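Shown next, in C-alpha cells, is the structure this report addresses.
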Amino acid sequence: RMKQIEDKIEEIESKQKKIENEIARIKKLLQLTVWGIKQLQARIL
Amino acid sequence: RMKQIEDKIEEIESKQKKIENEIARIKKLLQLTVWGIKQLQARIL
Amino acid sequence: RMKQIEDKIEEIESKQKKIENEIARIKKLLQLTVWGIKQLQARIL
Ligand SMILES: [Cl-]
C-alpha cells in the first residue's frame, strides 16, 4: 500500500505540472485578449 | 497512517478533477472571447 | 516512506490552493474582458 500510494502521488504531481503549464498558457492568451480590447478601444475612441 | 494517506489522496484527486473541469470551462469562454475580438477587428478594418 | 509521503501531500495541497487562487483571478479578468467586448459590440452596432 506504500508503493501504490507513491505511484498515485507521482501521478498527481505529473497532472499538477500539466495544470500549471496550462494556466501559464491561458494567462498569456488572456493578456493578448486584453491588449486587443485596448487597441480596439483606442481605435473606436 | 496509511488509511489517512489513502483518503487524503482521494480528496486531492477529487480537487484536481474539479480544477481540470474549471480550466476546461475557462478555455471555452476564452476561445469565444478570441472569436469576438477577431470579429470586431474585421468589422472595423 | 510514510513521513516522506505525508510531506509530499502537504506540498501538493499547498500548490493546489495556489492553483485554485490563480484560477479565481483568471476568472475575474475573463469576466472583465467579456464585459469589455460587449461594450465594444454595442458601440460598433
Ligand atoms: Cl492540482
Side-chain angles (χ1 to χ4, degrees), chain A residues 1-3 5-14 16-27 29-37 39-42 44-45, chain B residues 1-2 4-14 16 19-27 29-30 32-45, chain C residues 1-2 5-9 11-14 16-27 29-30 32-37 39-43 45:
Chain A
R1 291 166 67 185
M2 283 170 291
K3 183 49 162 65
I5 285 164
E6 289 164 344
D7 289 346
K8 289 182 178 182
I9 290 177
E10 181 175 341
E11 179 48 35
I12 288 163
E13 290 169 334
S14 182
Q16 196 164 72
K17 179 185 182 294
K18 291 169 181 167
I19 287 167
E20 293 195 63
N21 286 345
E22 183 65 37
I23 289 172
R25 292 186 291 268
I26 288 170
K27 288 163 57 178
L29 181 53
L30 185 55
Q31 181 192 41
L32 284 170
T33 67
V34 170
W35 178 255
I37 292 162
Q39 295 295 100
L40 281 163
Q41 291 169 338
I44 294 169
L45 294 175
Chain B
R1 286 165 70 183
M2 286 176 290
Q4 295 301 299
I5 291 166
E6 287 161 348
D7 291 344
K8 173 66 78 169
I9 279 165
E10 185 175 346
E11 179 46 44
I12 287 164
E13 287 167 336
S14 173
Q16 190 168 71
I19 287 165
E20 292 174 357
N21 268 292
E22 187 54 39
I23 290 171
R25 289 188 286 272
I26 287 169
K27 289 167 65 177
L29 181 54
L30 180 57
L32 189 47
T33 68
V34 168
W35 181 258
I37 291 165
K38 290 180 185 288
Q39 291 291 323
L40 288 160
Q41 291 176 342
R43 187 77 85 107
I44 60 105
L45 290 173
Chain C
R1 286 166 70 188
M2 285 172 297
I5 286 156
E6 289 166 343
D7 286 350
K8 287 187 179 172
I9 287 170
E11 179 56 20
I12 287 165
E13 293 175 319
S14 176
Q16 193 164 68
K17 177 59 169 154
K18 292 169 182 174
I19 288 168
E20 292 165 1
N21 287 348
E22 193 73 347
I23 289 170
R25 290 196 282 275
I26 289 170
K27 285 167 65 175
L29 185 49
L30 184 55
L32 284 171
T33 65
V34 167
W35 173 81
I37 292 162
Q39 300 323 102
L40 285 163
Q41 293 168 335
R43 191 159 191 150
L45 295 175

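Values reported hereafter were calculated over all heavy atoms of this structure, with side chains retained and with hydrogens, waters and symmetry mates removed. By convention in this document, chain letters (A, B, ...) are assigned in the order of the sequence lines, proteins followed by strands, and residues within each chain are numbered from 1.
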query: Between the side chains of C:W35 and C:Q39, is a donor N or O closer than 3.5 angstrom to an acceptor N or O?
result: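 Indeed, the side chains of C:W35 and C:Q39 share at least one donor-acceptor pair under 3.5 Å.
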- prompt: What's the shortest heavy-atom distance between C:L30 and B:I26, and which atoms?
  reply: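 Nearest heavy atoms, C:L30 then B:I26: CD2-O, 3.8 Å.
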query: For the residue pair C:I9 and A:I9, what are the closest heavy atoms and their distance?
result: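 Minimum heavy-atom separation between C:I9 and A:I9: CG1-CD1, 4.3 Å.
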Nearest 0.5 angstrom please: [X] [atom1] to [Y] [atom2], how far?
X	Y	atom1	atom2	result
B:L32	B:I37	CG	CD1	10.0 Å
B:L40	C:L45	CG	CG	8.0 Å
C:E22	B:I19	CD	CD1	12.0 Å
C:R25	A:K27	CZ	NZ	8.0 Å

query: Is the closest side-chain heavy-atom distance between A:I5 and C:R1 below 4.5 Å?
result: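 Answer no - side chains too far apart.
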field: N-O pairing of A:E6 and A:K3 below 4.0 Å
entry: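 Result for this pair is no, no salt bridge flagged.
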message: Does this structure show an ion pair linking A:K17 with A:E20, if we count only N-O contacts that are shorter than 4.0 Å?
response: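 Between A:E20 and A:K17 there is no salt bridge, as every charged N stays at least 4.0 Å from the carboxylate O atoms.
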- request: Given salt bridge (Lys or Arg N to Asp or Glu O under 4.0 Å), test B:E11 with B:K8 step by step and report yes or no.
  value: CA-CA 5 Å; B:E11 179 46 44; B:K8 173 66 78 169; over 6 Å; no
Audit row: B:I12, A:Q16, side chain to side chain contact (heavy atoms under 4.5 Å, CB included) steps and yes/no: CA-CA 11 Å; B:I12 287 164; A:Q16 196 164 72; over 6 Å; no
